[PDB]
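# Build me a model:
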Amino acid sequence: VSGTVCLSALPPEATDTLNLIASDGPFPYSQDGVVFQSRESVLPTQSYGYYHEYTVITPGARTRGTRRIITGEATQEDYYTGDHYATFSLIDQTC
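Numbering: from 1, shown residues only. This is the structure:
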């Protein structure tokens, strides 16, 4: 994991995605909520089903883009990637 980032430093759309995760949706895309298979990633190794992925919208794009939040099972364990799962930072919702 790349480091920790304060939510206030991320695009505003990442706040919108965390607020949909807190309400259980409804989500804009059917790929929001699917299990993320962390097998090739830099996230900590976990068994199938521990991580799930959600879209952070990129304003103006004609596709889902490359920004996502991955959740883990622990309290406030959420990671942001802006480059389609190449690098991740742990989000700190308190700053």
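# Now do the contacts for residue 85.
Contact analysis of residue 85 by Cβ atoms under 8 Å, 6 or more residues apart in numbering lists 41, 68. The C-beta positions use only the backbone N, C-alpha and C, and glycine is treated the same way.
# Can you classify the residue nearest to the spatial centre of the chain by secondary structure?
Taking Cα atoms, centre = their mean, the centroid of the chain lies closest to residue 69, which sits 0.5 Å from it. Put simply, residue 69 is strand when judged by DSSP: H, G, I helix; E, B strand; the rest coil.
# Look up how far residue 79 lies from it.
Distance of residue 69 to residue 79, given as Cβ to Cβ, to the nearest Å: 7 Å.
# Also residue 66?
14 Å.
# who has more neighbours, those two?
residue 79 (26 against 15; other Cβ atoms under 10 Å).
# Tell me the secondary structure at the more buried one.
The three-state label given to residue 79 by three-state DSSP is strand.
# swap in residue 14?
With three-state DSSP as the basis, the three-state label of residue 14 is helix.
# May I ask you to confirm that it is in contact with residue 7?
Yes. At 6.8 Å, residue 14 and residue 7 qualify as touching, with contact defined as Cβ atoms under 8 Å.
# Pick out whichever of those two has more residues nearby.
A direct count of neighbours by other Cβ under 10 Å for residue 14 and residue 7 places residue 14 higher, at 23 against 16.
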